Protein chains: 4
Amino acid sequence: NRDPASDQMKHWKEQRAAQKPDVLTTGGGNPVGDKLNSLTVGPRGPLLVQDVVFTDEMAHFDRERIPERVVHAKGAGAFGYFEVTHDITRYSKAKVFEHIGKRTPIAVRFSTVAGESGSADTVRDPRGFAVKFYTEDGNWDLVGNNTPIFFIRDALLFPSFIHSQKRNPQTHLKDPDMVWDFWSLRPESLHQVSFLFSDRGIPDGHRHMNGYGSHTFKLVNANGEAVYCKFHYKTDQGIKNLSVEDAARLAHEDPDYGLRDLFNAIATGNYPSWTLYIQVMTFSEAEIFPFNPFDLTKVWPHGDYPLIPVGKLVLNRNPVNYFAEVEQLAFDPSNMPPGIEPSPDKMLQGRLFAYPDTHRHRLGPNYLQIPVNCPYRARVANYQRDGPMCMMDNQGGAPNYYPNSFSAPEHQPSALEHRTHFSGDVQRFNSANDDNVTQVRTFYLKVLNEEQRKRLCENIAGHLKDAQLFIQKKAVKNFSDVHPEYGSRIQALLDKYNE
Amino acid sequence: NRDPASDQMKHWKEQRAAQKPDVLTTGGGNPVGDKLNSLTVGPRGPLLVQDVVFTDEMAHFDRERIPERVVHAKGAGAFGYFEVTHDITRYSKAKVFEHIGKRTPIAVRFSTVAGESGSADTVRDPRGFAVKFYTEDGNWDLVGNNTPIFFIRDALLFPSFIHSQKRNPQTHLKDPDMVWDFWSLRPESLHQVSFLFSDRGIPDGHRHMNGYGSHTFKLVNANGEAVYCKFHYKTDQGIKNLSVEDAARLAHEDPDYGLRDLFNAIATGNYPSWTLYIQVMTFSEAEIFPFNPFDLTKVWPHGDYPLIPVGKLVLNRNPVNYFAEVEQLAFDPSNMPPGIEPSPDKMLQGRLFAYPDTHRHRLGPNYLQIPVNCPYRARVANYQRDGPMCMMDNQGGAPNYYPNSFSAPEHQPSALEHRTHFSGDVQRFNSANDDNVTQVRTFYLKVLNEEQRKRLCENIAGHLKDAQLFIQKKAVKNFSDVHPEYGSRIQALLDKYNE
Amino acid sequence: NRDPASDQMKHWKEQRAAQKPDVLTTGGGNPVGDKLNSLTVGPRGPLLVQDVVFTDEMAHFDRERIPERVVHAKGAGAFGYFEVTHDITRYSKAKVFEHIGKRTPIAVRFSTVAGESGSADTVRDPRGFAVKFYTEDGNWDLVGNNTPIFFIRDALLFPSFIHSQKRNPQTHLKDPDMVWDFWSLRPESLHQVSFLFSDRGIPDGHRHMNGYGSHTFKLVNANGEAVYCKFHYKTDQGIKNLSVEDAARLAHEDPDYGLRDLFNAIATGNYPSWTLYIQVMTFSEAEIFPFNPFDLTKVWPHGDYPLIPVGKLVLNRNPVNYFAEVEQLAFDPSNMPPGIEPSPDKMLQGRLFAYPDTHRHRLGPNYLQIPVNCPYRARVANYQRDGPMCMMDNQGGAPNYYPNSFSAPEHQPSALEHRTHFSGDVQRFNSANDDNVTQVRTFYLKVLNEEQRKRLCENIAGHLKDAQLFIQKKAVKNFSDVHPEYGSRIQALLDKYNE
Amino acid sequence: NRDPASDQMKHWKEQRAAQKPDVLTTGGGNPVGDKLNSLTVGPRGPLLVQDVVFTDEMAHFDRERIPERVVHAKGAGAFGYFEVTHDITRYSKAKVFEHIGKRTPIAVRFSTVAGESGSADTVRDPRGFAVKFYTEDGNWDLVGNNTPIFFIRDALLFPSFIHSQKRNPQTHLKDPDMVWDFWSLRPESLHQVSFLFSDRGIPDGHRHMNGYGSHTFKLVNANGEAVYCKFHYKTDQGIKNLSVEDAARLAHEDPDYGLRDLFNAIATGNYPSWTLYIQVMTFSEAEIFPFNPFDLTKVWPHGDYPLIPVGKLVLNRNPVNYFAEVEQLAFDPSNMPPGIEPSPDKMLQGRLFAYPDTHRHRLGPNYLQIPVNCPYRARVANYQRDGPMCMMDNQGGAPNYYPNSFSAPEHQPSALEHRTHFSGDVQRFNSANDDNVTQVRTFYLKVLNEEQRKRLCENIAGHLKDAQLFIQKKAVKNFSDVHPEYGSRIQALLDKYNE
Ligand SMILES: NC(=O)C1=CN([C@@H]2O[C@H](COP(=O)(O)OP(=O)(O)OC[C@H]3O[C@@H](n4cnc5c(N)ncnc54)[C@H](OP(=O)(O)O)[C@@H]3O)[C@@H](O)[C@H]2O)C=CC1
């Protein structure tokens with residue numbers, strides 16, 4: 001006997017033993033009489049196009065794939081529910097926070113960031129942690145990571161970052177000179193780089209890490225009053241990390257470690273769960289906040305902005321067909337129910353457009369009609385019609401223009417947005433020199449102990465040594481700008497690694 | 001009050017008079033608070049990204065169209081059923097003929113051939129008359145025309161013929177020289193050309209015209225015995241045609257004449273029906289048939305192969321959304337249930353490849369998952385997976401390979417094809433010189449009367465006059481090769497049209 | 001002999017009389033031995049898969065189409081040059097206006113609006129008039145119409161308007177009730193509706209109509225000083241219109257009338273030409289302007305803002321292939337070289353997203369790499385990579401991220417945008433009741449005469465009579481609101497039209 | 001200093017040091033004035049739509065990816081030439097074999113089989129070795145592997161064999177039960193599984209394995225006489241293999257080992273090359289051959305059929321953009337010049353369709369116009385038109401139909417196929433029970449030595465132990481069917497592995 005994943009087929013048969021197998025048909029429902037030998041004119045004669053059975057099956061085989069995600073390609077999935085435990089209705093009127101005990105069906109997809117579909121699960125890299133809430137106000141996607149911050153703070157640098165984290169456009173190889181040339185020319189990455197090369201840079205699976213909205217969002221209650229908030233969802237299974245040496249063994253020993261961990265976990269009854277907290281800032285607090293409260297490379301400290309609990313995330317169901325229910329999942333940060341809204345964070349302001357845009361390309365123009373993506377607890381009614389692979393009635397014979405004298409859908413004024421006042425030149429403001437070392441200083445000195453600082457420099461140095469020396473020298477300088485001992489340790493190691 | 005097709009919204013509002021209009025929502029099921037005014041900064045300021053209501057609608061609007069059909073693009077549609085009235089089980093085991101009084105749902109599409117989506121309905125052309133039978137052995141697609149014959153008899157010429165019946169690649173105009181240079185270089189078109197320009201080139205809507213499968217087909221019975229056969233479905237509303245004068249008036253007074261006519265008829269209860277017949281040829285009749293019995297430019301004369309009634313086609317339902325139910329329909333001649341099989345007709349052999357091919361481009365790799373295309377009265381089970389826009393559970397966790405020891409679907413030996421013997425060189429045989437005049441000469445002299453022969457000549461000269469003289473001179477020779485007087489009448493009129 | 005268009009195939013042969021015909025191949029360069037007879041086991045046998053020559057040709061004929069344009073699908077095209085005859089460098093620094101005499105290649109496409117690919121040219125509708133300037137600073141796409149104004153002034157209403165002008169979702173029929181239920185619930189359409197049903201609704205070819213930028217734009221000279229402008233290009237051939245009686249005849253006597261007029265003119269040396277003008281409004285004049293200067297239903301009166309001439313548009317070359325050079329054309333209002341910038345028009349602001357979006361869907365992600373959409377006089381260099389149908393070298397091994405220290409492209413600080421100050425609430429302002437009648441009243445009384453007001457009212461009632469009464473009574477009211485005699489005339493004619 | 005592959009950017013900058021960086025533009029050729037910060041309303045404001053610099057680049061990033069090959073997805077590419085060195089013109093007339101010293105441009109792609117784009121290069125799995133010859137008569141693709149044989153001999157089993165070798169449809173995990181339940185149910189795979197699990201299952205990169213065409217192919221000479229042949233291209237660098245112990249280390253130390261090995265070689269002038277032989281079997285020797293001469297699971301023994309050299313393949317150029325030259329590379333076995341034809345082999349007959357079918361999906365309808373796919377040593381001319389992404393003239397205004405009296409391309413009679421005579425019932429012949437052991441027993445005993453038999457079993461047992469007992473028992477029995485000591489050694493090691 002083996003682990004439950006290995007026995008998947010074994011159980012599918014036993015869960016079926018009472019029946020007779022189905023008749024094997026074409027895609028058009030036509031029964032197949034033989035599907036192991038091709039129609040030819042003689043035993044050693046050529047193939048006929050009369051063999052549509054072969055063209056039916058082979059044609060689809062040629063169209064099985066679709067494009068992989070441009071980022072967070074290698075992923076695991078599961079399904080469960082969210083349950084409200086505390087009252088934050090003064091902050092949000094969102095139905096998903098209506099009363100205590102209220103449950104909502106969720107979907108979750110974990111992922112790394114850079115590697116393609118076939119890369120390993122135990123590598124250094126941020127981890128995706130995207131959550132989709134099927135509410136009666138339509139879906140709510142909270143597309144988080146395993147970290148509260150990112151490497152940049154303007155969305156126009158994002159593609160360049162990704163290109164600098166993936167393959168060289170000539171050799172198709174991971175290129176240290178691309179990784180660090182960028183990080184050292186853009187020191188706002190110093191915060192998330194110090195998180196990445198810590199121990200939690202390699203989590204021992206998906207169940208032993210926290211999630212974070214990371215973006216500042218906005219909440220709107222039932223009076224029309226607003227506050228800014230951060231979301232935290234912490235692991236009730238405890239932080240637990242792989243060591244560099246173990247992670248490396250499992251990288252060839254079991255490329256699908258985090259995929260097997262999460263499946264077996266739910267299959268053996270061990271349901272992983274997370275605790276959803278928020279931080280709250282008022283609008284006023286947001287004007288006195290020392291840093292930019294909408295700078296993604298900044299955390300709101302806990303002592304000033306403590307964590308308010310909300311509810312629990314629970315994963316208790318596995319997918320049944322991985323493609324249909326995980327690969328085709330499409331999370332939109334623009335999917336926001338009344339009561340939740342975006343902040344002016346530049347990065348988030350870019351993600352509002354990017355995610356729906358790529359889903360029409362990766363999946364199709366009507367990807368929201370795919371079952372896992374559908375807002376199946378909401379009544380979708382509008383004037384949108386047609387498009388490739390149209391799957392419902394196309395809303396039947398309802399008037400497809402607005403406004404109209406025939407009683408098609410109407411707008412719901414209580415769902416209007418919160419009104420905020422802005423003033424300033426319409427112009428590109430240079431955010432590359434916001435504080436880039438203060439919070440990082442705190443992390444290095446007051447969060448880590450001496451052994452963790454020690455490992456931090458060895459993981460950095462074990463990767464920056466391959467860069468050219470003028471890149472090294474420039475990255476080191478950015479580390480001394482955090483704390484002179486931070487850089488002069490890294491440098492001591494580089495001095496060795498350079499022979 | 002007006003015709004019912006004009007009162008569509010009127011009735012739609014009436015049938016909804018009681019209940020309340022829906023909530024207008026995004027594609028994501030999020031209600032919108034106002035959809036007549038965009039999100040801007042100030043009453044005379046610019047548009048924001050935040051306005052995801054505008055992007056969501058405008059994005060889908062941008063993605064309404066799909067590539068029209070490459071031929072037969074102007075269509076009308078309707079739905080109904082087929083009912084068996086006579087017993088033809090001694091020839092075919094096809095369940096759809098299992099017993100008298102057994103009904104099977106059908107879907108139909110009437111179309112022209114050459115015009116684009118916005119062309120007029122009352123033009124000289126062949127007409128589509130495609131029928132889809134939703135049977136228990138999977139779907140059966142009888143894709144025919146309003147003719148028993150076609151212009152050519154080898155597929156490799158089909159792209160060329162169509163290009164010659166559409167727009168010049170530089171001027172993008174209808175070109176007579178292209179039309180008649182082909183027709184006069186390929187006289188096998190004499191039989192269908194005669195038909196086209198006579199009275200039945202412009203029918204009075206789609207309810208006053210017959211339907212034929214034109215190809216020869218093979219029927220197989222429960223003993224494995226096989227006969228060839230032709231399909232005729234004759235209109236129970238009577239052959240009735242439009243004049244050239246009345247066609248050219250409606251061509252601008254109501255481009256959608258046919259469309260309207262079918263809709264109104266069904267709505268008022270006036271349900272059209274066709275009587276399905278078959279002809280039956282034995283294998284040993286096929287060896288002594290004077291012509292090639294799979295020649296698509298040939299018919300089976302009635303005196304030697306009489307018509308055998310089978311059942312009725314009946315259309316009693318209008319589409320609800322024309323796009324989802326008529327424009328996304330896909331008919332594949334290769335959708336044949338056990339009992340019905342292809343002949344060796346060179347033209348049918350290419351349609352076995354082409355239709356599923358073009359449907360994967362126009363509609364999508366999983367186009368058989370579109371409801372009106374679904375075989376919803378069979379059980380689709382097989383080892384095809386994935387592909388863009390998957391819409392069912394993708395078959396669940398069922399073993400996806402074959403053979404297996406876990407009881408995935410199995411092959412049904414009774415659905416094996418009938419086995420014929422063939423012997424001959426594997427080469428390209430010349431079918432340009434099979435008898436191209438005999439059956440036409442009969443048609444011109446024995447079928448048409450004096451007045452019809454006169455009108456057949458005028459219509460040909462009326463369209464053949466605009467081609468160059470060397471093209472008119474060759475075409476008239478081919479006509480003179482059918483009957484001398486045929487060419488003399490056409491040639492007399494051309495001498496006049498040429499001033 | 002016949003007109004030049006009809007003789008296109010004749011002239012192609014003559015221009016090659018001296019050469020030998022090319023060798024016919026597959027798409028793979030493999031010469032074909034026979035393409036008139038299919039590969040079959042014996043003369044009367046089944047077709048083989050080995051027959052790659054059939055599949056290579058039938059595969060590509062199955063993929064010939066693409067999605068037509070969601071609007072303006074029917075169009076004619078030609079190529080020529082824009083030449084500067086006057087100096088407007090004090091207003092705009094654009095290199096297309098640099099000095100008097102400078103020529104820039106252009107590509108124009110004329111169009112109707114609603115009719116699909118096969119509709120007639122001579123129908124009441126607006127006419128597109130798009131102009132693509134190929135500048136050294138990248139393309140400039142002045143996507144104008146044959147009118148200065150439009151039917152709505154908010155992009156969100158745009159999908160609705162269109163859907164009302166096109167076909168009913170259930171009957172696939174032009175629906176009068178959908179046309180006027182819209183127009184009468186949105187009386188900002190009054191101004192452009194009165195343009196459309198007037199004599200200029202049906203131009204006599206594309207050479208006898210003016211072209212307008214319509215939108216207010218922004219120009220920016222070299223000192224950084226900006227103004228607001230309107231682009232009028234007026235026909236040098238004279239305004240010439242068709243009568244309702246002649247336009248209907250041609251609609252079935254030559255559905256491609258304008259397509260044949262544009263080609264024949266050009267072929268005979270009779271090149272059509274336009275005169276480009278600009279209006280100019282200073283930032284301070286805009287503030288006082290009685291209407292909203294960025295309202296798209298409004299014009300700038302000539303006495304207050306008189307036409308400034310700039311240069312000449314000349315069309316002097318027919319497309320050699322219609323598909324690759326006209327069908328594949330793609331104009332993006334967003335294509336604007338330094339010196340030309342958008343105004344805060346709500347409709348234009350929408351059109352900055354719309355056009356690139358749909359061109360990815362209609363033609364593909366790399367649609368700008370089609371030769372006719374190429375900026376083939378500027379040097380494209382950046383950090384965009386890959387995509388479907390990548391056709392050049394893909395910018396080589398160049399560093400693909402920005403910033404970098406390896407001397408890949410750099411930004412150009414002179415090419416920044418003009419900075420404006422805006423201040424206000426971020427919200428959805430209501431523009432529905434901006435002055436809707438004034439400039440229409442002026443048009444009814446002062447621009448038309450006694451006859452023309454008569455014809456305008458017969459045209460409106462001729463089409464409005466088919467709507468429902470409750471939709472008539474409203475439209476007339478909106479017409480009375482322009483002038484009591486306006487809607488009283490319309491109401492008298494409707495009284496008879498309702499028997 | 002480092003290897004050449006890491007100094008890629010270093011040499012790019014150095015190869016440009018003279019000239020100045022280009023101006024960073026938009027896709028439209030518009031210069032940008034700042035591409036690091038986004039257009040907002042005040043420094044902490046929201047993003048705008050008229051930030052077309054952000055949209056233009058992100059929308060392309062969202063579309064960087066296409067579908068990955070459905071098999072052989074991991075690969076590495078190189079370009080060089082093929083040179084003739086012997087005279088095989090008595091067998092083939094093909095232009096590539098005209099005379100000694102004739103060179104032709106080639107392009108080669110290496111690959112594994114089951115891994116996706118991210119997988120590792122040093123794993124047990126066959127190796128692709130596809131070769132494209134750009135000859136005057138079009139392109140000649142010789143799509144070979146690193147083995148002479150394959151696991152099956154019918155194409156209707158391919159999608160299933162690949163399904164078993166990839167990921168479970170529910171767990172997305174490699175599934176040894178799927179692997180051996182297939183292999184142990186189809187024992188034809190005995191021959192190739194034994195090659196796979198010997199030392200040549202993991203080569204030391206792509207420069208030390210052989211290439212083979214596996215399928216029997218036809219040659220035809222200038223007289224019209226044919227023979228059946230095999231293609232062998234052996235490595236002039238020497239067979240060299242990785243041990244299970246190092247192959248695993250490198251599968252996490254350097255996932256791209258084989259790709260780096262090839263590039264670094266070429267970049268240092270150590271060019272790899274291969275020697276092209278053929279075997280020859282007349283038609284008479286084919287009738288008496290002990291097995292089926294077209295059975296993909298059977299080799300032709302050297303002693304009866306010796307190798308006949310032909311020439312050399314040499315790789316002396318690296319790609320400049322991997323994506324645009326290696327990922328878009330399209331090989332079609334159907335690309336065959338006159339002189340070379342397919343043999344009746346049941347598996348090759350399916351590849352004649354499958355590849356062009358998947359290249360119209362993966363890349364697009366016009367994937368042959370992509371530079372590296374162009375038959376740029378040959379002149380493409382025909383009557384195929386349009387299609388998505390048509391990039392040249394579209395063959396201009398030439399006539400698009402055939403035959404024509406206007407001098408468009410003609411057929412070339414000498415390029416006709418060789419006529420073979422086939423006689424036999426058209427049906428589905430069973431090929432499961434062709435001799436499944438004979439040539440294997442020869443390999444095991446006579447080709448391997450004592451050591452190599454030992455490791456062959458160990459490699460097999462390590463992977464088979466994870467499969468259920470009932471699947472083990474059936475596998476071993478298929479290894480007892482080759483040789484009792486074969487299934488014995490495997491059963492003694494499985495006894496240990498099962499504790
Ligand atoms: N005859 C052929 O075309 C080939 C035959 N074989 C195997 O050889 C057996 C006998 O063929 P025969 O020609 O009579 O005897 P030969 O000894 O004449 O052929 C022996 C072949 O074995 C190949 N070989 C050596 N080690 C391995 C390995 N680990 N995995 C795969 N192939 C290997 C060599 O290929 P090289 O030295 O060319 O690299 C050599 O050419 C066949 O049954 C077949 O299994 C294998 C490859 C080609």
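Numbering starts at 1 and runs along the chain as displayed.
Header says: electron crystallography, 3.2 Å.
Placed from the backbone N, Cα and C atoms, the Cβ positions cover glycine too.
Database features, via Swiss-Prot:
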- D:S6: phosphoserine (MOD_RES)
- D:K10: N6-succinyllysine (MOD_RES)
- D:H72: active site (ACT_SITE)
- D:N145: active site (ACT_SITE)
- D:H191, D:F195, D:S198, D:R200, D:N210, D:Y212, D:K234, D:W300, D:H302, D:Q439, D:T442, D:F443: NADP(+) binding site (BINDING)
- D:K218: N6-succinyllysine (MOD_RES)
- D:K230: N6-acetyllysine (MOD_RES)
- D:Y355: heme binding site (BINDING)
- D:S414: phosphoserine (MOD_RES)
- D:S431: phosphoserine (MOD_RES)
- D:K446: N6-succinyllysine (MOD_RES)
- D:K446: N6-acetyllysine (MOD_RES)
- D:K477: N6-acetyllysine (MOD_RES)
- D:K477: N6-succinyllysine (MOD_RES)
- D:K496: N6-acetyllysine (MOD_RES)
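Here the features listed in Swiss-Prot are painted onto the structure.
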residue	record	Cβ within 10 Å
D:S6	phosphoserine	20
D:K10	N6-succinyllysine	15
D:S198	NADP(+) binding site	20
D:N210	NADP(+) binding site	20
D:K230	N6-acetyllysine	23
D:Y355	heme binding site	19
D:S414	phosphoserine	10
D:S431	phosphoserine	21
D:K477	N6-acetyllysine	13
D:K496	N6-acetyllysine	9
Euclidean distance between Cα atoms of D:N145 (active site) and D:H72 (active site), Å: 10
Most distant Cα pair in Å, residues D:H191, D:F195, D:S198, D:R200, D:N210, D:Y212, D:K234, D:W300, D:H302, D:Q439, D:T442, D:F443 binding NADP(+): 22
Secondary-structure category, per DSSP, in which D:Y355 (heme binding site) falls: helix
Recorded positions close to ligand 1 - of D:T442, D:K477, D:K496, only those whose C-beta is under 6 Å away: D:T442
D:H191 (NADP(+) binding site), number of other Cβ atoms within 10 Å: 29
Packing count at D:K218 (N6-succinyllysine) (other Cβ atoms within 10 Å of its Cβ): 21
Lowest local Cβ density among D:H72, D:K234, D:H302, which the record lists as recorded positions, within 10 Å: D:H302
Which of D:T442, D:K446, all recorded positions, has a Cβ with the fewest other Cβ atoms inside 10 Å: D:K446
Cα proximity to D:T442 (NADP(+) binding site), best match among recorded positions D:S6, D:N145, D:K218, D:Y355, D:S414: D:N145
Proximal to chain A - recorded positions among D:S6, D:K234, D:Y355, D:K496, CB under 8 Å: D:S6
Recorded positions near chain C, Cβ-Cβ under 8 Å, from D:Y355, D:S414, D:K446, D:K496: D:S414
DSSP-derived structure type at D:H302 (NADP(+) binding site), helix or strand or else coil: coil
Top Cα neighbour of D:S6 (phosphoserine) in the set of binding-site residues D:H191, D:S198, D:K234, D:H302, D:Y355: D:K234
Shortest C-alpha distance to D:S414 (phosphoserine) - which of the recorded positions D:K218, D:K234, D:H302, D:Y355, D:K477: D:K218
Long-range Cβ environment of D:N145 (active site), under 8 Å and at least 6 residues apart: D:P126, D:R127, D:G128, D:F129, D:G211, D:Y212, D:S214
Nearest of the recorded positions (D:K10, D:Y355, D:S431, D:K446, D:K496) to D:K234 (NADP(+) binding site) - Cα to Cα: D:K446
D:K218 (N6-succinyllysine) versus modified residues D:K10, D:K230, D:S431, D:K477 - nearest by Cα: D:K230
Pairwise CA distance, D:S431 (phosphoserine) versus the residue listed as 'heme binding site', rounded so that it is a whole Å: 23
Cα separation, D:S198 (NADP(+) binding site) to D:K496 (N6-acetyllysine) (Å, whole number): 21
Where D:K218 (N6-succinyllysine) sits in the secondary structure, as DSSP reduces it to three classes: strand
